[PDB]
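**Q** Have a look at the structure that comes next, please.
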Amino acid sequence: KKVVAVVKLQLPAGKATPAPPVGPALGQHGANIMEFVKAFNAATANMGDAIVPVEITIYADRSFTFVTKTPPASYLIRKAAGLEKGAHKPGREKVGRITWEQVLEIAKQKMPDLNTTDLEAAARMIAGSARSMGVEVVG
Amino acid sequence: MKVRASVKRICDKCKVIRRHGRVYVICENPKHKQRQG
Amino acid sequence: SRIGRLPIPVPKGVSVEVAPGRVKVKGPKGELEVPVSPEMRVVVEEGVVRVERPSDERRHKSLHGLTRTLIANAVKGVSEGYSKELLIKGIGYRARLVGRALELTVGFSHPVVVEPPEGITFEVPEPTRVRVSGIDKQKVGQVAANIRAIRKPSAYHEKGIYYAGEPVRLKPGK
Amino acid sequence: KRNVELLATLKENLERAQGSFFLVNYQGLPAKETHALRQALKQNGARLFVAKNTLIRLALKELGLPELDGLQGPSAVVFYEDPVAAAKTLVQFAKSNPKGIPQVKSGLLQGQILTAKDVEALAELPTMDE
Amino acid sequence: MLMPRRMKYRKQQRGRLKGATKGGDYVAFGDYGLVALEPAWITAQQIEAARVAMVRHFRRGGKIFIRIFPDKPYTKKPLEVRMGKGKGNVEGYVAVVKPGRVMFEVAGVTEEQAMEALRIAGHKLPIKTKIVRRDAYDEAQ
Amino acid sequence: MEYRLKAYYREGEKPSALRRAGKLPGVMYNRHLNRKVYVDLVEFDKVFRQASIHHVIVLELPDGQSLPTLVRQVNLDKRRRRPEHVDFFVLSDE
Amino acid sequence: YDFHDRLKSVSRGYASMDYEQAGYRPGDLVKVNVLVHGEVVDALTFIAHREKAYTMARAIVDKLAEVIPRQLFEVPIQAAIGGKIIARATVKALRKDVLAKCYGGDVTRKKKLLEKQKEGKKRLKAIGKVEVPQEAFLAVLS
RNA sequence: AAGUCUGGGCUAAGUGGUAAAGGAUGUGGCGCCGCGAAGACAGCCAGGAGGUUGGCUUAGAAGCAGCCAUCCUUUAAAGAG
Ligand SMILES: [Mg+2]
Ligand SMILES: [Mg+2]
Ligand SMILES: [Mg+2]
Ligand SMILES: [Mg+2]
Ligand SMILES: [Mg+2]
Ligand SMILES: [Mg+2]
Ligand SMILES: [Mg+2]
Ligand SMILES: [Mg+2]
Ligand SMILES: [Mg+2]
Ligand SMILES: [Mg+2]
Ligand SMILES: [Mg+2]
Ligand SMILES: [Mg+2]
Ligand SMILES: [Mg+2]
Ligand SMILES: [Mg+2]
Ligand SMILES: [Mg+2]
Ligand SMILES: [Zn+2]
């Protein structure tokens, strides 16, 4: 019997077990804890892994309800050319490298999130996550 | 109160005023209250 | 920009009388006397009062807005009057009238009574709310502040005397 | 003086492409309720024309320097001008005037509208799609 | 801190401090400069403290031009010693600065960085100073 | 392209008197000409800070004449760091 | 010490606690040695976590400074994580005002007495075995 | 002893009538520049949102400990603050 809190947070598609913040915020709750695990780590597993939050609503008789999306543009770029950091010292650091259309696929998945249904404004989008880890756009 | 020869803004909410000849700082943070002296 | 050169709308009823060194501002709720710098010019006309400055150097611009605002404050005073409101917090603090004389029990070993000056008037509706209300704006402010000073708000607990509207801003203890 | 005549031409160009460009007061909504009217007037017409949102000072110079009747319905107050003839609207004003008259107290009220070339009216533009 | 690597003479007479500076009066290598408003023997320790202060301010980026050099040796008798028995020992070096002289210049640095580094650096010197920005007048010199 | 500037002939006037009245003493010259001259400082400083010594300044004389010039030399008051004197070099067709 | 008190105070009293032993475990721990005047005081050897030990050593070194018997020579107080000192304090240096009757004016006569004293402090510094009083141990170990 | 002389101006500190770095919308006077019928400046009234917790670091670091990068549609606008 907990109130009707509007559950905006920030969680990850995969990293999913009742260690904080799974507990503090979802204290005002009563839901099946290992469901953001279960359904979310499975049905949106085609892309890979990584971070996507989750929007639940609690109702007093212990009711859950949640929807989610896509691992972060900084993951969909870690499979790209083999990164698991950035390049520490970019702005000149050209570790991994991608083509103007090997960075046209990556918005096939995060397309429904911005406002750009144009994969040009959604290309330079995910290709902006490039620079803040240093992977280039060739010629 | 901070009584000094050089009184100045410490944070941007600080405000600099003149009071009885001496230069003053007043602010919503009492630590920043200064009069010249 | 510029307050002083704004003309003072003077309603029918209140009236402004220019004398040496001050202007008399009389109205529905009483009388107020406004000291005015001798080298300023107060012009009283058909339903409007205006103040004009001799020079537009800096001491004159400063006396300019001062005068016009002080007169407008007196127009509003003898017209609507002024009040401030005081909030009492704390698990035992109370106010009551016997006078009209404010009697405060705010945690001392004695209760402290405040005698109001001429005008002013005290109203204690609720026992945790006090009202200062006269036609003199600066001495409603003054006596309002006098009352709060008896027991300023606590840095650590919502305790003491508060301006209505005054934010409670606590800092942590242990 | 200076770099928003690059916006007088912008509100002269995308106004020289119409005849039924209406005006609303797009302000009081958040940013969730912002992309609401933004994508639902890009989905009740063509292209991507909900409102252009430009200065009532310069929107009055455009409707004045291109003759366009001078849509003197109400240029004061926040004014975003729903370019209804830069999309394909008609009864798409209802797509707006009801979706605004639902979420929040008086969502996206209107004030001026040019019917093809002649001036529409105030409440005679909310009923012009009812 | 700076001192000459070798000297023809160890001790030299005090001299006068008259006139505007003879040269070094225009920004010559950087974008901004700090110029002296009063004459003084600026000591090496002072120069070093001004340099470091601006360095610290440019922790990543920047060029610092030090355009005054302490070549004048500074003499002091030992303490508690009567007058006479010869000229004191060299205990340091100073640079003679007359008004108008450009003492430090910074480049490769935003305007705000430049006028803040020079402002601190002034606070380290015994003289009033003025911060200046490379002019057409420097270019003409 | 090139910049304008009003210049005026001076004679016996104290350079310092001129200078006291906001006017910068100068000399215009080339292989054919030498004239003592004075321009307004604030006027001049406006033009020089962009013309410098690379762009033709054209001097507007009170006899109507309009000479193309290059600033060949500016002498700085070391103490005040303001211009004291200006050489205007008159150009021709060689 | 410390915890229960702070459990109670940050929680206006409503926090409870219970525990049971639950074994042993590896810790990143350092041995901190305390030497006074170069000699290691075993009585004050302790052991802490490298995140904290400096702040621990930065503390004892200074409390020991305030209670050690001021000598005829300046006494160093130090803490070392094995062969490397990390925190230093110094006791005075009780001295004689050797210049007390020196209203001559001649600096050579002050130097003569000052040299001799400087030489003697060296000598008393080198062979000077300071012992920590049992009153100091109690003062540091409260 | 001799003008409370005349005309204009500055100063408000008893400065005058005992001093410096520095502080500073004291106040008078000359100039210049940026921005202001794309209405500026100050107040209030909207909004100030997305990729994205940017990458690393780290117990945690999500604009906002330290780090290097500082890049996009939505956009009237909205910094990897
Ligand atoms: Mg300071
Ligand atoms: Mg304030
Ligand atoms: Mg010296
Ligand atoms: Mg000397
Ligand atoms: Mg001598
Ligand atoms: Mg000497
Ligand atoms: Mg200095
Ligand atoms: Mg100038
Ligand atoms: Mg004696
Ligand atoms: Mg007499
Ligand atoms: Mg007289
Ligand atoms: Mg007069
Ligand atoms: Mg005096
Ligand atoms: Mg005095
Ligand atoms: Mg001043
Ligand atoms: Zn402050």
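We name chains A, B, ... following the order of the structure tokens; residues begin at 1 in each chain, and ligands are numbered from 1 as shown.
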Might you pull out every residue within 10 Å of residue B:14, with only C-alpha atoms (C1' of nucleotides) counted and same-chain residues fewer than 4 positions away left off, and present them as a list in words?
**A**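 Residues meeting the cut-off are residues 8, 9, 10, 25, 26, 27, 28, 29, 30, 32 and 33 of chain B.
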**Q** Got a sec to check which residues lie within 7 Å of ligand 13, using only C-alpha atoms (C1' of nucleotides) and all ligand atoms, and send them as a PDB file with N, CA and C atoms (P, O5', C5', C4', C3', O3' and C1' of nucleotides), in the first residue's frame?
**A**
ATOM      1  P     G H  14      34.274  63.966   8.483  1.00  0.00           P
ATOM      2  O5'   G H  14      35.337  65.131   8.643  1.00  0.00           O
ATOM      3  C5'   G H  14      34.922  66.486   8.596  1.00  0.00           C
ATOM      4  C4'   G H  14      36.100  67.393   8.420  1.00  0.00           C
ATOM      5  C3'   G H  14      37.018  67.453   9.638  1.00  0.00           C
ATOM      6  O3'   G H  14      38.346  67.707   9.201  1.00  0.00           O
ATOM      7  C1'   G H  14      36.216  69.592   9.172  1.00  0.00           C
ATOM      8  P     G H  16      43.362  66.661   5.643  1.00  0.00           P
ATOM      9  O5'   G H  16      43.383  68.133   5.041  1.00  0.00           O
ATOM     10  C5'   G H  16      43.684  68.380   3.673  1.00  0.00           C
ATOM     11  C4'   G H  16      43.258  69.774   3.279  1.00  0.00           C
ATOM     12  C3'   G H  16      43.844  70.892   4.126  1.00  0.00           C
ATOM     13  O3'   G H  16      45.148  71.259   3.731  1.00  0.00           O
ATOM     14  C1'   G H  16      41.526  71.196   3.978  1.00  0.00           C
ATOM     15  P     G H  17      46.292  71.455   4.838  1.00  0.00           P
ATOM     16  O5'   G H  17      46.066  70.254   5.842  1.00  0.00           O
ATOM     17  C5'   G H  17      47.050  69.948   6.812  1.00  0.00           C
ATOM     18  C4'   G H  17      46.460  69.735   8.178  1.00  0.00           C
ATOM     19  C3'   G H  17      45.537  68.527   8.357  1.00  0.00           C
ATOM     20  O3'   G H  17      45.858  67.924   9.608  1.00  0.00           O
ATOM     21  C1'   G H  17      44.448  70.486   9.100  1.00  0.00           C
TER      22        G H  17
END
**Q** Residues within 12 Å of ligand 9 (only C-alpha atoms (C1' of nucleotides) and all ligand atoms), as a PDB file with C-alpha atoms, in the first residue's frame?
**A**
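Heads up, here's the output in part07.pdb:
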ATOM      1  CA  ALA G 100      72.123  38.615  27.239  1.00  0.00           C
ATOM      2  CA  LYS G 101      75.032  40.923  28.276  1.00  0.00           C
ATOM      3  CA  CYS G 102      75.920  41.987  24.725  1.00  0.00           C
ATOM      4  CA  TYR G 103      75.440  45.792  24.591  1.00  0.00           C
ATOM      5  CA  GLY G 104      78.871  46.347  23.134  1.00  0.00           C
ATOM      6  CA  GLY G 105      77.781  46.857  19.547  1.00  0.00           C
ATOM      7  CA  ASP G 106      80.364  44.709  17.811  1.00  0.00           C
TER       8      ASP G 106
END
**Q** Please measure the separation of atom CA of residue C:55 and atom CA of residue C:19, giving the value in Å to one decimal.
**A**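 Spanning atom CA of residue C:55 to atom CA of residue C:19 is a straight-line distance of 21.5 Å.
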**Q** When the cut-off is 9 Å and you count only C-alpha atoms (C1' of nucleotides) and all ligand atoms, which residues lie near ligand 15, shown as a PyMOL selection string?
**A** chain H and resi 24+26-27
**Q** Please report, as a PyMOL selection string, each residue of chain F to which DSSP assigns alpha helix (DSSP H) when run on this structure's backbone.
**A** chain F and resi 15-20+41-51
**Q** Generate a file of the selected residues that holds N, CA and C atoms, formatted as an mmCIF file, in the first residue's frame.
**A**
data_model
loop_
_atom_site.group_PDB
_atom_site.id
_atom_site.type_symbol
_atom_site.label_atom_id
_atom_site.label_comp_id
_atom_site.auth_asym_id
_atom_site.auth_seq_id
_atom_site.Cartn_x
_atom_site.Cartn_y
_atom_site.Cartn_z
ATOM 1 N N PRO F 15 53.661 72.367 -30.578
ATOM 2 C CA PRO F 15 53.206 70.970 -30.607
ATOM 3 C C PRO F 15 52.437 70.584 -29.357
ATOM 4 N N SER F 16 52.904 71.029 -28.195
ATOM 5 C CA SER F 16 52.216 70.719 -26.950
ATOM 6 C C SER F 16 50.858 71.418 -26.867
ATOM 7 N N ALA F 17 50.758 72.651 -27.362
ATOM 8 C CA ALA F 17 49.454 73.304 -27.397
ATOM 9 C C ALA F 17 48.481 72.487 -28.232
ATOM 10 N N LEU F 18 48.852 72.211 -29.488
ATOM 11 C CA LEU F 18 48.100 71.295 -30.334
ATOM 12 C C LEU F 18 47.722 70.040 -29.559
ATOM 13 N N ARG F 19 48.745 69.355 -29.042
ATOM 14 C CA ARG F 19 48.554 68.122 -28.288
ATOM 15 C C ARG F 19 47.637 68.332 -27.089
ATOM 16 N N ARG F 20 47.645 69.533 -26.515
ATOM 17 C CA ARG F 20 46.776 69.792 -25.373
ATOM 18 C C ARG F 20 45.327 69.864 -25.816
ATOM 19 N N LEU F 41 43.310 63.667 -32.952
ATOM 20 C CA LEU F 41 43.775 62.411 -32.366
ATOM 21 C C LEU F 41 42.693 61.333 -32.425
ATOM 22 N N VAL F 42 41.491 61.647 -31.942
ATOM 23 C CA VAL F 42 40.454 60.623 -31.885
ATOM 24 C C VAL F 42 40.043 60.206 -33.292
ATOM 25 N N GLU F 43 39.854 61.181 -34.186
ATOM 26 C CA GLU F 43 39.729 60.867 -35.605
ATOM 27 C C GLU F 43 40.868 59.966 -36.058
ATOM 28 N N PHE F 44 42.111 60.392 -35.818
ATOM 29 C CA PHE F 44 43.249 59.644 -36.348
ATOM 30 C C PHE F 44 43.308 58.246 -35.752
ATOM 31 N N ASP F 45 43.169 58.145 -34.429
ATOM 32 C CA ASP F 45 43.261 56.844 -33.775
ATOM 33 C C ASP F 45 42.208 55.884 -34.317
ATOM 34 N N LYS F 46 41.017 56.397 -34.628
ATOM 35 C CA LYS F 46 39.996 55.590 -35.286
ATOM 36 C C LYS F 46 40.531 54.954 -36.565
ATOM 37 N N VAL F 47 41.080 55.774 -37.460
ATOM 38 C CA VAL F 47 41.528 55.274 -38.758
ATOM 39 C C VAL F 47 42.762 54.389 -38.614
ATOM 40 N N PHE F 48 43.733 54.809 -37.799
ATOM 41 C CA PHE F 48 45.008 54.104 -37.759
ATOM 42 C C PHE F 48 44.851 52.676 -37.248
ATOM 43 N N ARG F 49 44.036 52.470 -36.204
ATOM 44 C CA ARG F 49 43.899 51.133 -35.623
ATOM 45 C C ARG F 49 43.451 50.076 -36.629
ATOM 46 N N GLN F 50 42.920 50.466 -37.783
ATOM 47 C CA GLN F 50 42.615 49.513 -38.847
ATOM 48 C C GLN F 50 43.476 49.711 -40.083
ATOM 49 N N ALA F 51 43.743 50.962 -40.462
ATOM 50 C CA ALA F 51 44.641 51.214 -41.583
ATOM 51 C C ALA F 51 46.070 50.810 -41.243
#
**Q** So which residues touch stretch 151-157 of chain C within 10 Å, counting only C-alpha atoms (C1' of nucleotides), skipping near sequence neighbours fewer than 6 positions away, as a VMD selection string?
**A** chain C and resid 88 to 90 104 to 108 145 163 166 168 to 173
**Q** How many Å separate atom CA of residue G:121 from atom CA of residue G:74?
**A**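 Atom CA of residue G:74 lies 8.3 Å from atom CA of residue G:121.
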**Q** Give the residue list for ligand 3 at 9 Å, counting only C-alpha atoms (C1' of nucleotides) and all ligand atoms, as a ChimeraX atom specification, sorted by chain and then by residue number.
**A** /E:40-43,74,94,126
**Q** Those selected residues, please, written with N, CA, C and O atoms and delivered as a PDB file, in the first residue's frame.
**A**
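Everything below was put into out-v7.pdb:
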ATOM      1  N   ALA E  40      61.547  51.299 -10.722  1.00  0.00           N
ATOM      2  CA  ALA E  40      61.908  50.440  -9.606  1.00  0.00           C
ATOM      3  C   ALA E  40      63.028  49.494 -10.024  1.00  0.00           C
ATOM      4  O   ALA E  40      63.202  49.180 -11.207  1.00  0.00           O
ATOM      5  N   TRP E  41      63.772  49.039  -9.023  1.00  0.00           N
ATOM      6  CA  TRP E  41      64.592  47.835  -9.124  1.00  0.00           C
ATOM      7  C   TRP E  41      63.695  46.633  -8.852  1.00  0.00           C
ATOM      8  O   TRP E  41      63.386  46.330  -7.694  1.00  0.00           O
ATOM      9  N   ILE E  42      63.263  45.933  -9.894  1.00  0.00           N
ATOM     10  CA  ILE E  42      62.453  44.734  -9.697  1.00  0.00           C
ATOM     11  C   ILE E  42      63.398  43.555  -9.496  1.00  0.00           C
ATOM     12  O   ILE E  42      64.248  43.272 -10.348  1.00  0.00           O
ATOM     13  N   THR E  43      63.264  42.880  -8.358  1.00  0.00           N
ATOM     14  CA  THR E  43      64.188  41.817  -8.007  1.00  0.00           C
ATOM     15  C   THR E  43      63.845  40.535  -8.761  1.00  0.00           C
ATOM     16  O   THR E  43      62.742  40.366  -9.293  1.00  0.00           O
ATOM     17  N   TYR E  74      72.746  43.367  -6.639  1.00  0.00           N
ATOM     18  CA  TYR E  74      72.253  44.087  -5.483  1.00  0.00           C
ATOM     19  C   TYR E  74      73.133  43.787  -4.285  1.00  0.00           C
ATOM     20  O   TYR E  74      73.350  42.621  -3.940  1.00  0.00           O
ATOM     21  N   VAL E  94      68.776  42.604  -9.616  1.00  0.00           N
ATOM     22  CA  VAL E  94      67.554  43.343  -9.920  1.00  0.00           C
ATOM     23  C   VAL E  94      67.560  43.711 -11.395  1.00  0.00           C
ATOM     24  O   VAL E  94      68.589  43.670 -12.075  1.00  0.00           O
ATOM     25  N   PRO E 126      56.431  45.592  -7.052  1.00  0.00           N
ATOM     26  CA  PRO E 126      56.329  46.751  -6.162  1.00  0.00           C
ATOM     27  C   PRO E 126      55.832  48.018  -6.831  1.00  0.00           C
ATOM     28  O   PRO E 126      55.960  49.096  -6.242  1.00  0.00           O
TER      29      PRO E 126
END
**Q** Compare C:80, C:57, C:41, C:94 by their minimum atom-to-atom distance to chain H, counting only C-alpha atoms (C1' of nucleotides), and give me the closest one.
**A** C:57
**Q** Quick one: residues within 6 Å of ligand 7, with only C-alpha atoms (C1' of nucleotides) and all ligand atoms, as JSON, numbers by chain?
**A** {"E": [122, 123, 125, 126, 127, 128]}
**Q** Next, the residues of the selection above should be written as a PDB file, in the first residue's frame with N, CA, C and O atoms.
**A**
ATOM      1  N   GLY E 122      50.832  41.500 -11.646  1.00  0.00           N
ATOM      2  CA  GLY E 122      51.059  42.846 -11.159  1.00  0.00           C
ATOM      3  C   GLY E 122      51.092  42.896  -9.648  1.00  0.00           C
ATOM      4  O   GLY E 122      51.902  43.609  -9.055  1.00  0.00           O
ATOM      5  N   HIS E 123      50.227  42.117  -9.009  1.00  0.00           N
ATOM      6  CA  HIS E 123      50.127  42.093  -7.561  1.00  0.00           C
ATOM      7  C   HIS E 123      51.396  41.584  -6.914  1.00  0.00           C
ATOM      8  O   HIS E 123      51.554  41.706  -5.692  1.00  0.00           O
ATOM      9  N   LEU E 125      54.477  42.662  -8.000  1.00  0.00           N
ATOM     10  CA  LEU E 125      55.532  43.639  -8.242  1.00  0.00           C
ATOM     11  C   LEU E 125      55.350  44.890  -7.381  1.00  0.00           C
ATOM     12  O   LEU E 125      54.236  45.243  -7.000  1.00  0.00           O
ATOM     13  N   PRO E 126      56.431  45.592  -7.052  1.00  0.00           N
ATOM     14  CA  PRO E 126      56.329  46.751  -6.162  1.00  0.00           C
ATOM     15  C   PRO E 126      55.832  48.018  -6.831  1.00  0.00           C
ATOM     16  O   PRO E 126      55.960  49.096  -6.242  1.00  0.00           O
ATOM     17  N   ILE E 127      55.280  47.930  -8.030  1.00  0.00           N
ATOM     18  CA  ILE E 127      54.935  49.122  -8.782  1.00  0.00           C
ATOM     19  C   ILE E 127      53.526  48.994  -9.328  1.00  0.00           C
ATOM     20  O   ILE E 127      53.034  47.897  -9.602  1.00  0.00           O
ATOM     21  N   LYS E 128      52.876  50.134  -9.481  1.00  0.00           N
ATOM     22  CA  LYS E 128      51.655  50.196 -10.257  1.00  0.00           C
ATOM     23  C   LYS E 128      51.945  49.793 -11.699  1.00  0.00           C
ATOM     24  O   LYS E 128      53.049  49.988 -12.207  1.00  0.00           O
TER      25      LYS E 128
END
**Q** Please provide as a list in words all residues within 8 Å of residue E:33, with the sequence filter that same-chain residues fewer than 4 positions apart are discarded (counting only C-alpha atoms (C1' of nucleotides)).
**A**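 Within the cut-off, the hits are residues 27, 102, 103, 104, 105, 106, 118, 131, 132, 133 and 134 of chain E.
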**Q** I want to know what sits within 9 Å of residue G:39, based on only C-alpha atoms (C1' of nucleotides), with residues of the same chain fewer than 3 positions away left out; could you give that as a ChimeraX atom specification?
**A** /G:34-36,129-130
**Q** Could you pull the residues within 12 Å of residue E:51, counting only C-alpha atoms (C1' of nucleotides), minus those fewer than 5 positions along the same chain, as a JSON list (two decimals) with N, CA and C atoms, in the first residue's frame?
**A**
[["chain", "number", "residue", "atom", "x", "y", "z"],
["E", 1, "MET", "N", 65.26, 31.16, -10.60],
["E", 1, "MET", "CA", 65.17, 32.59, -10.90],
["E", 1, "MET", "C", 66.43, 33.10, -11.60],
["E", 2, "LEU", "N", 66.28, 34.17, -12.38],
["E", 2, "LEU", "CA", 67.30, 34.56, -13.33],
["E", 2, "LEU", "C", 68.44, 35.31, -12.66],
["E", 34, "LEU", "N", 52.03, 43.48, -19.72],
["E", 34, "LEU", "CA", 51.98, 44.26, -18.49],
["E", 34, "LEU", "C", 53.10, 45.30, -18.56],
["E", 44, "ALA", "N", 64.82, 39.62, -8.79],
["E", 44, "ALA", "CA", 64.62, 38.35, -9.48],
["E", 44, "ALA", "C", 63.52, 37.53, -8.81],
["E", 45, "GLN", "N", 63.50, 37.51, -7.48],
["E", 45, "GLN", "CA", 62.48, 36.76, -6.77],
["E", 45, "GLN", "C", 61.09, 37.25, -7.16],
["E", 46, "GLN", "N", 60.95, 38.56, -7.34],
["E", 46, "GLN", "CA", 59.69, 39.12, -7.81],
["E", 46, "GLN", "C", 59.35, 38.60, -9.20],
["E", 56, "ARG", "N", 50.91, 28.93, -13.51],
["E", 56, "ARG", "CA", 49.83, 28.31, -12.77],
["E", 56, "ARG", "C", 48.50, 28.61, -13.43],
["E", 57, "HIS", "N", 48.34, 29.84, -13.91],
["E", 57, "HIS", "CA", 47.11, 30.21, -14.59],
["E", 57, "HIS", "C", 47.00, 29.57, -15.97],
["E", 58, "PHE", "N", 48.12, 29.18, -16.57],
["E", 58, "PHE", "CA", 48.11, 28.56, -17.89],
["E", 58, "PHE", "C", 48.48, 27.08, -17.79],
["E", 63, "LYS", "N", 52.02, 30.92, -23.94],
["E", 63, "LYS", "CA", 53.43, 31.31, -23.97],
["E", 63, "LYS", "C", 53.61, 32.54, -23.07],
["E", 64, "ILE", "N", 54.67, 32.52, -22.27],
["E", 64, "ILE", "CA", 55.02, 33.63, -21.39],
["E", 64, "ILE", "C", 56.35, 34.21, -21.85],
["E", 65, "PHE", "N", 56.35, 35.50, -22.18],
["E", 65, "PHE", "CA", 57.55, 36.24, -22.55],
["E", 65, "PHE", "C", 57.96, 37.12, -21.38],
["E", 66, "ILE", "N", 59.14, 36.87, -20.83],
["E", 66, "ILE", "CA", 59.72, 37.73, -19.81],
["E", 66, "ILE", "C", 60.75, 38.63, -20.47],
["E", 67, "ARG", "N", 60.41, 39.91, -20.59],
["E", 67, "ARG", "CA", 61.18, 40.86, -21.37],
["E", 67, "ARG", "C", 62.04, 41.78, -20.51],
["E", 68, "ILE", "N", 62.20, 41.49, -19.21],
["E", 68, "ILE", "CA", 63.13, 42.21, -18.35],
["E", 68, "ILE", "C", 64.03, 41.17, -17.72],
["E", 103, "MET", "N", 57.13, 44.57, -19.50],
["E", 103, "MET", "CA", 57.89, 43.65, -18.66],
["E", 103, "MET", "C", 57.55, 42.19, -18.94],
["E", 104, "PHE", "N", 56.28, 41.90, -19.15],
["E", 104, "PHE", "CA", 55.82, 40.57, -19.47],
["E", 104, "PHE", "C", 54.82, 40.66, -20.61],
["E", 105, "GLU", "N", 54.81, 39.63, -21.44],
["E", 105, "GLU", "CA", 53.80, 39.48, -22.48],
["E", 105, "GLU", "C", 53.29, 38.05, -22.47],
["E", 106, "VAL", "N", 52.00, 37.88, -22.73],
["E", 106, "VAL", "CA", 51.41, 36.55, -22.87],
["E", 106, "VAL", "C", 50.85, 36.42, -24.28],
["E", 117, "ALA", "N", 45.87, 36.68, -15.74],
["E", 117, "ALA", "CA", 47.25, 36.31, -15.44],
["E", 117, "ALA", "C", 48.12, 37.55, -15.24],
["E", 118, "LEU", "N", 47.92, 38.59, -16.04],
["E", 118, "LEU", "CA", 48.69, 39.81, -15.87],
["E", 118, "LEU", "C", 48.26, 40.58, -14.62],
["E", 119, "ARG", "N", 46.98, 40.47, -14.22],
["E", 119, "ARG", "CA", 46.52, 41.16, -13.03],
["E", 119, "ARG", "C", 47.13, 40.56, -11.77],
["E", 120, "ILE", "N", 47.11, 39.24, -11.65],
["E", 120, "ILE", "CA", 47.81, 38.61, -10.53],
["E", 120, "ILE", "C", 49.27, 39.02, -10.55],
["E", 121, "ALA", "N", 49.91, 38.90, -11.72],
["E", 121, "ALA", "CA", 51.35, 39.13, -11.83],
["E", 121, "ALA", "C", 51.71, 40.53, -11.38],
["E", 122, "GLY", "N", 50.83, 41.50, -11.65],
["E", 122, "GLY", "CA", 51.06, 42.85, -11.16],
["E", 122, "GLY", "C", 51.09, 42.90, -9.65],
["E", 123, "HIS", "N", 50.23, 42.12, -9.01],
["E", 123, "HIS", "CA", 50.13, 42.09, -7.56],
["E", 123, "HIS", "C", 51.40, 41.58, -6.91],
["E", 124, "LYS", "N", 52.29, 41.01, -7.70],
["E", 124, "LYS", "CA", 53.53, 40.50, -7.17],
["E", 124, "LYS", "C", 54.66, 41.52, -7.23],
["E", 125, "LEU", "N", 54.48, 42.66, -8.00],
["E", 125, "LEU", "CA", 55.53, 43.64, -8.24],
["E", 125, "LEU", "C", 55.35, 44.89, -7.38]]
**Q** For a test of reading the model, state the distance in Å between atom CA of residue D:127 and atom CA of residue D:82, rounded to one decimal.
**A** 16.5 Å
**Q** Write as a compact mmCIF listing (two decimals) with N, CA and C atoms, in the first residue's frame the residues around ligand 5, taking 9 Å as the cut-off and counting only C-alpha atoms (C1' of nucleotides) and all ligand atoms.
**A**
# COMPACT_ATOMS: atom_id res chain seq x y z
N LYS E 77 75.36 45.35 3.02
CA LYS E 77 76.29 45.11 4.12
C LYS E 77 75.76 43.99 5.02
N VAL E 81 76.53 45.89 11.35
CA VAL E 81 77.90 46.20 10.96
C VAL E 81 78.01 47.71 10.77
N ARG E 82 79.09 48.29 11.28
CA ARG E 82 79.30 49.72 11.20
C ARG E 82 79.54 50.14 9.75
N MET E 83 79.40 51.44 9.49
CA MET E 83 79.69 51.94 8.15
C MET E 83 81.18 51.81 7.86
N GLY E 84 81.51 51.51 6.61
CA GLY E 84 82.90 51.39 6.20
C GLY E 84 83.31 49.96 5.89
N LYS E 85 84.63 49.77 5.79
CA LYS E 85 85.26 48.48 5.46
C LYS E 85 84.86 47.93 4.07
N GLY E 86 84.52 48.77 3.10
CA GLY E 86 84.26 48.31 1.75
C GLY E 86 82.77 48.13 1.43
N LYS E 87 82.50 47.88 0.14
CA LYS E 87 81.12 47.77 -0.35
C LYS E 87 80.52 46.41 -0.02
N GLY E 88 79.23 46.40 0.30
CA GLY E 88 78.56 45.17 0.73
C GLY E 88 78.69 44.00 -0.23
**Q** Taking only C-alpha atoms (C1' of nucleotides) and all ligand atoms into account, which residues are within 12 Å of ligand 10, as a PDB file with C-alpha atoms (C1' of nucleotides), in the first residue's frame?
**A**
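Output contents, as saved in pocket.pdb:
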ATOM      1  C1'   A H   1      47.408  95.677  10.228  1.00  0.00           C
ATOM      2  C1'   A H   2      44.415  95.175   5.450  1.00  0.00           C
ATOM      3  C1'   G H   3      38.066  92.762   1.074  1.00  0.00           C
ATOM      4  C1'   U H   4      33.749  88.699   5.627  1.00  0.00           C
TER       5        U H   4
END
